[PDB]
């Protein structure tokens, strides 16, 4: 079985909202269409164990994000932004078992820690892939 995606954040002057999934609308690879660039969500179609990774640029505010499965935090990450003139960075990752229709996305969990960023020479990426399948009848 196969399932993989990777996408990047678009540049924006709008402070990132913290009441919806973080958007990663510039798709690098999504051959199964399991990631939805409009909603920011990965939707599982193959039961199995997956790795997810976020590699974010942090600027103008601290960044707190949760990797979530159906709304539940799998793992939470944070980077302090101490009033610096240029960006910092924050990565997070974890593995999880998924079943078909389960969804995974990234979301700010503490609503003012919204400092995810992209610019001409900086990106924030969200990637995930099936490591092994585990189908059952």
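Positions refer to the first chain, counted from 1.
Undergrad: So, looking at the entry's B-factor column for Cα atoms, which has the higher mean, 52-60 or 71-79?
TA: For C-alpha atoms only, the mean B-factor is higher in 71-79.
Undergrad: Which wins on mean Cα temperature factor, 12-20 or 117-125?
TA: Here the higher of the two C-alpha B-factor means belongs to 12-20.
Undergrad: Per the coordinate record, which of the options 92, 85, 47, 111 holds the highest CA temperature factor?
TA: Answer, based on the entry's C-alpha B-factors: 47.
Undergrad: Ranking the modelled residues of this chain by C-alpha B-factor as given in the entry, is residue 4 in the lowest, middle or highest third?
TA: Middle third.
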